[PDB]
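Enquirer: So that you have it, the file is work_38.txt, and it contains compact mmCIF, C-alpha atoms and all ligand atoms:
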# COMPACT_ATOMS: atom_id res chain seq x y z
CA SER A 4 45.53 -9.28 30.82
CA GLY A 5 47.02 -11.16 27.91
CA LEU A 6 47.17 -14.58 26.39
CA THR A 7 50.11 -16.91 26.77
CA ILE A 8 49.97 -19.66 24.24
CA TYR A 9 52.20 -22.66 24.00
CA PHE A 10 52.44 -24.72 20.86
CA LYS A 11 54.02 -28.10 20.23
CA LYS A 12 55.95 -27.81 16.97
CA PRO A 13 55.36 -30.55 14.35
CA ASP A 14 58.75 -32.20 13.56
CA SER A 15 58.80 -31.07 9.92
CA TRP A 16 58.03 -27.41 10.74
CA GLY A 17 60.39 -24.51 10.98
CA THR A 18 60.22 -22.52 14.22
CA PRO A 19 56.62 -21.59 14.83
CA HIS A 20 55.03 -18.15 14.43
CA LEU A 21 51.76 -17.08 16.04
CA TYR A 22 49.33 -15.29 13.74
CA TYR A 23 46.29 -13.71 15.42
CA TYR A 24 43.31 -11.45 14.66
CA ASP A 25 39.94 -10.50 16.16
CA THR A 26 41.82 -9.29 19.25
CA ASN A 27 39.61 -8.25 22.13
CA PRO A 28 40.24 -5.75 23.24
CA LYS A 29 41.67 -4.41 19.99
CA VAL A 30 45.41 -4.44 19.79
CA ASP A 31 47.87 -4.13 16.88
CA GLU A 32 47.56 -7.15 14.53
CA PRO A 33 50.47 -8.41 12.37
CA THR A 34 50.25 -9.41 8.82
CA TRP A 35 50.51 -13.19 8.02
CA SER A 36 54.20 -12.78 6.96
CA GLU A 37 54.99 -10.68 9.98
CA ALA A 38 53.35 -12.97 12.55
CA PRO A 39 55.88 -13.16 15.45
CA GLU A 40 58.36 -15.89 16.33
CA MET A 41 57.27 -17.97 19.23
CA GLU A 42 60.03 -18.05 21.87
CA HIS A 43 61.45 -21.52 22.42
CA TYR A 44 60.04 -22.97 25.65
CA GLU A 45 61.07 -26.59 26.43
CA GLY A 46 61.71 -29.41 23.94
CA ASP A 47 59.13 -29.18 21.14
CA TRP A 48 57.15 -26.47 22.94
CA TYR A 49 57.20 -22.82 22.00
CA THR A 50 55.40 -19.87 23.50
CA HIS A 51 54.09 -16.37 22.90
CA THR A 52 52.12 -13.88 24.98
CA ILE A 53 49.72 -11.53 23.26
CA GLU A 54 49.78 -8.40 25.42
CA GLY A 55 46.53 -6.51 26.11
CA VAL A 56 44.02 -9.17 25.23
CA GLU A 57 41.21 -11.23 26.77
CA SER A 58 40.31 -13.13 23.60
CA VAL A 59 41.85 -13.85 20.17
CA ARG A 60 41.55 -16.01 17.02
CA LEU A 61 44.85 -17.56 16.17
CA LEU A 62 46.70 -19.71 13.68
CA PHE A 63 50.13 -21.34 13.95
CA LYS A 64 52.53 -21.03 10.97
CA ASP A 65 56.22 -21.22 10.17
CA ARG A 66 58.26 -18.91 7.89
CA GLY A 67 57.39 -21.44 5.13
CA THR A 68 53.93 -22.44 3.89
CA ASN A 69 52.94 -24.59 6.82
CA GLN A 70 50.04 -23.51 9.00
CA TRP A 71 47.58 -25.05 11.41
CA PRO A 72 44.73 -24.75 10.75
CA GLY A 73 44.63 -24.78 6.93
CA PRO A 74 44.69 -21.86 4.54
CA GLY A 75 41.62 -19.71 5.11
CA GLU A 76 40.22 -21.77 8.01
CA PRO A 77 39.20 -19.63 10.99
CA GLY A 78 41.70 -19.12 13.78
CA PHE A 79 41.45 -21.17 16.96
CA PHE A 80 39.45 -19.09 19.55
CA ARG A 81 41.01 -18.47 23.00
CA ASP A 82 39.77 -17.22 25.96
CA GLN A 83 42.57 -18.23 28.22
CA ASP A 84 45.94 -19.87 28.14
CA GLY A 85 47.16 -21.93 26.39
CA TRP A 86 48.63 -25.44 25.35
CA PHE A 87 48.15 -26.92 21.90
CA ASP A 88 49.58 -30.32 20.91
CA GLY A 89 46.90 -31.15 18.34
CA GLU A 90 44.16 -30.60 20.93
CA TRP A 91 43.85 -27.72 23.42
CA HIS A 92 44.76 -28.03 27.12
CA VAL A 93 44.65 -25.70 30.13
CA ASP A 94 47.87 -27.43 31.33
CA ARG A 95 50.95 -28.89 29.68
CA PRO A 96 49.88 -32.45 28.71
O1 LIG B 101 42.93 -12.28 8.83
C1 LIG B 101 41.70 -12.96 8.82
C2 LIG B 101 41.87 -14.34 8.22
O2 LIG B 101 43.00 -14.93 8.85
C3 LIG B 101 43.25 -16.29 8.61
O3 LIG B 101 43.83 -16.22 7.06
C4 LIG B 101 45.17 -16.40 6.67
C5 LIG B 101 45.18 -17.67 5.84
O4 LIG B 101 44.68 -18.75 6.63
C6 LIG B 101 46.58 -17.87 5.30
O5 LIG B 101 46.64 -19.05 4.53
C7 LIG B 101 47.00 -16.66 4.48
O6 LIG B 101 46.22 -16.56 3.30
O7 LIG B 101 46.89 -15.46 5.24
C8 LIG B 101 45.60 -15.22 5.82
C9 LIG B 101 45.61 -13.95 6.65
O8 LIG B 101 45.96 -12.80 5.88
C10 LIG B 101 42.06 -17.21 8.71
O9 LIG B 101 42.39 -18.42 8.09
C11 LIG B 101 40.88 -16.62 7.97
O10 LIG B 101 39.78 -17.49 8.21
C12 LIG B 101 40.64 -15.19 8.45
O11 LIG B 101 39.56 -14.59 7.79
Reformat the file's structure so that it appears as C-alpha cells.
Expert:
Amino acid sequence: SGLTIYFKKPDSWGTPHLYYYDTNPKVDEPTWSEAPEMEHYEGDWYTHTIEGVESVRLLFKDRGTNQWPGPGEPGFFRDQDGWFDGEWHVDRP
C-alpha cells in the first residue's frame, strides 16, 4: 500500500516536510524535527510517499516554525492520495 501526498508550498515557506502519526498499519513515525523532506515535484508542488500505510494523520511543516495545521491541531486524516493546496483533492487541481 502506501500514501503518496502532494503539497503546494506556501510562498513564504522553506521546503516542506511531512510529519505523520497514527499510521495504520503501524509503521515507524518520525519526530516533529525529523519529519522528512518532501521531494520536489513540479513548480510549487512537493511530494512524499509513506510506505506501508493505508491511513495516516499528517501535518505539513518546514525546517522553521511554520506548519499547517497549527501547533497542536490534529493532523489531516488520509485514506488515499493525495493533493493539498489549501483544500484536499484526489487529483492535481
Ligand atoms: O504526535 C501527535 C501530535 O502531533 C501533532 O503535534 C505537533 C504539533 O502540532 C507541533 O506544533 C509540535 O509541537 O510537535 C507536535 C508533535 O510532536 C498534532 O498537532 C497533535 O494534535 C498530535 O497530538
Enquirer: Could you work out how far CA of residue 96 in chain A lies from atom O1 of ligand LIG 101 (chain B), giving the answer in Å with one decimal?
Expert: 29.2 Å
Enquirer: Ligand LIG 101 (chain B): which residues are within 9 Å, counting only C-alpha atoms and all ligand atoms, as a ChimeraX atom specification?
Expert: /A:22-25,32,34-36,60-62,64,68-78
Enquirer: Smallest atom-to-atom distance to residue 55 in chain A: which of A:95, A:20, A:29, A:11, using all atoms listed in the file?
Expert: A:29
Enquirer: Please measure the separation of CA of residue 26 in chain A and CA of residue 38 in chain A, giving the value in Å to one decimal.
Expert: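 If I compute the distance from CA of residue 26 in chain A to CA of residue 38 in chain A, I get 13.8 Å.
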Enquirer: Compile the contact shell of residue 84 in chain A as a PDB file with C-alpha atoms, keeping the file's coordinate frame: residues with an atom at most 9 Å away, counting only C-alpha atoms, same-chain residues fewer than 3 positions apart removed.
Expert:
ATOM      1  CA  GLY A   5      47.020 -11.160  27.910  1.00  0.00           C
ATOM      2  CA  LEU A   6      47.170 -14.580  26.390  1.00  0.00           C
ATOM      3  CA  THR A   7      50.110 -16.910  26.770  1.00  0.00           C
ATOM      4  CA  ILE A   8      49.970 -19.660  24.240  1.00  0.00           C
ATOM      5  CA  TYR A   9      52.200 -22.660  24.000  1.00  0.00           C
ATOM      6  CA  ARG A  81      41.010 -18.470  23.000  1.00  0.00           C
ATOM      7  CA  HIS A  92      44.760 -28.030  27.120  1.00  0.00           C
ATOM      8  CA  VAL A  93      44.650 -25.700  30.130  1.00  0.00           C
ATOM      9  CA  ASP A  94      47.870 -27.430  31.330  1.00  0.00           C
TER      10      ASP A  94
END
Enquirer: Work out how far apart CA of residue 15 in chain A and CA of residue 80 in chain A are and give it in Å to one decimal.
Expert: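 Answer for the CA of residue 15 in chain A to CA of residue 80 in chain A separation: 24.7 Å.
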Enquirer: Would you kindly return, as a PyMOL selection string, each protein, DNA or RNA residue with an atom no farther than 10 Å from any atom of residue 67 in chain A, considering only C-alpha atoms and excluding same-chain residues fewer than 5 positions away?
Expert: chain A and resi 16-19+36
Enquirer: Between A:47, A:40, A:14, A:54, single out the one closest to residue 86 in chain A, counting all atoms listed in the file.
Expert: A:47
Enquirer: Using all atoms listed in the file, which of the listed residues (A:27, A:48, A:10, A:39) sits closest to residue 90 in chain A?
Expert: A:10
Enquirer: Can you tell me, as lines of an AutoDock Vina configuration file, the centre and edge lengths (Å, one decimal) of the axis-aligned box enclosing all of range 31-40 of chain A's listed atoms after padding each side by 4 Å?
Expert:
center_x = 53.0
center_y = -10.0
center_z = 11.9
size_x = 18.8
size_y = 19.8
size_z = 17.9
Enquirer: I want to know what sits within 10 Å of residue 4 in chain A, based on all atoms listed in the file, with residues of the same chain fewer than 6 positions away left out; could you give that as a PyMOL selection string?
Expert: chain A and resi 28+52-58+83
